[PDB]
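The chain below stands alone and is given in structure tokens; this is the form deposited in one PDB entry.
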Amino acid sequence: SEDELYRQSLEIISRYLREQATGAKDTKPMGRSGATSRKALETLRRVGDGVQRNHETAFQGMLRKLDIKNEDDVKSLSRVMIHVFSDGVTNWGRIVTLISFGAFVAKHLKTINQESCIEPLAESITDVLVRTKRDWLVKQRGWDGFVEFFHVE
């Protein structure tokens, strides 16, 4: 390990996807750099819930096409996310879209009773994000950049 950006990202994304899936806002110390992580999760809830509601029909359309029923379908989803997300341009708009669609897929995994796929989905989203966009995330100040961009405080 010794990759704080990856650790901080996995924690924010895992927590968001897990609470969207179940409705429960999980309690833990938020590791290192907790204030920023906390503000990032709060922001992600606001903006991510907005994306899912505003683009519900697009998201439902994509989910139907992907035909997700198991961990096998989640691995094939990560390859889709690399082509769609990584080949396209880089900004917080697309990063929130990616994470938001993750949360939408996580809600579906719970309703089809395959909630053991949620934590792997989270890891796969984090890996796509941090592995393909590392130098952009570092230049924008990571999750401090996120919080600053939405002018929250």
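We call the rigid core whatever largest set of C-alpha positions still superposes within 1.5 Å between the two forms. Residues that one form lacks are left out of the comparison. Residues carry their position along the shown sequence, with the first being 1.
Form deposited in another entry: not shown, discussed below.
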query: Rigid-core fit between this form and the one not shown, the member of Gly93, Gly61, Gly88, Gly31 whose C-alpha shifts 2 angstroms or more; finding: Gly88
query: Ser116 C-alpha moves between this form and the one not shown by 2 Å or more, core aligned; finding: no
query: Segments of at least three residues whose Cα atoms shift by 2 Å or more between this form and the one not shown, after superposing on the rigid core; finding: 67-73, 87-89
